[PDB]
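Novice: Converting from the sequence shown to the working numbering requires adding 1493 to each position, the first position being numbered 1.
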Amino acid sequence: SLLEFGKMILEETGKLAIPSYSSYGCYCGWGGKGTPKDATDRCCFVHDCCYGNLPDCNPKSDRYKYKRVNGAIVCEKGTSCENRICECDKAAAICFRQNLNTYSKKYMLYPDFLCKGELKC
Ligand SMILES: O=C(O)/C=C/c1ccc(O)cc1
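What follows is the structure in structure tokens.
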């Protein structure tokens, strides 16, 4: 679910999902178009694609369970949708952690019309 994703993001990065990742760049948050702005935005592009791979799941609202083993996120076994949603979220949260070094506050609330370019999943 979106709230669990937000908690996983905070756990990983130490940033609050809202506002750090809810409206960032072209892809983080509602909607997506154009060329991602940076590596963090690319995390969101791929997360969007990952949710797009699950047209008959409901990633915003379906809750999954996970634990940590030696630090690392381990998605626990729920329904097939829940497992797949968890893997998408885990990847994006790790990706955000990996790209905190280039995160730029200039991309928060980035305006949609500047999202020029084209990117297929
Ligand atoms: O917290 C939210 O409401 C959603 C954040 C979000 C993070 C990555 C995305 O690819 C799309 C939305």
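Cβ coordinates follow ideal geometry from the N, Cα and C atoms, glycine included.
Going by Cα to Cα distance, which pick from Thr1506, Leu1509, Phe1538 and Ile1502 is closest to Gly1518?
Specialist: In the sequence shown, the residue the question calls residue 1518 occupies position 25. Out of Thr1506, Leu1509, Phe1538 and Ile1502, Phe1538 has the C-alpha closest to the C-alpha of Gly1518.
Novice: Looking at ligand 1, does it come within less than 7 Å of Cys1579, judged from the CB to the closest heavy atom?
Specialist: Within the sequence shown, the letter at position 86 stands for residue 1579. Incorrect: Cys1579 has no Cβ contact closer than 7 Å to ligand 1.
Novice: Can you give me the Cβ contacts of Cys1614 inside the same chain, cut-off strictly under 7 Å, excluding the 5 residues immediately before and after it?
Specialist: The sequence position of residue 1614 within the sequence shown is 121, counting from 1. These residues qualify, in order along the chain: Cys1542 and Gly1545.
Novice: Since I believe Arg1590 is in contact with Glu1505 (beta carbons under 8 Å), could you give me their beta-carbon distance rounded to a whole number of angstroms?
Specialist: For the purposes of this step, residue 1505 is identified with residue 12 of the sequence shown, where counting begins at 1. For the purposes of this step, residue 1590 is identified with residue 97 of the sequence shown, where counting begins at 1. Right, the Cβ-Cβ distance comes to about 4 Å (below 8 Å), so this counts as a contact.
Novice: What residue does the beta strand (DSSP E) around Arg1561 start on, and which one ends it?
Specialist: One-based indexing of the sequence shown puts residue 1561 at position 68. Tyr1559 to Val1562 is the extent of the beta strand (DSSP E) around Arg1561.
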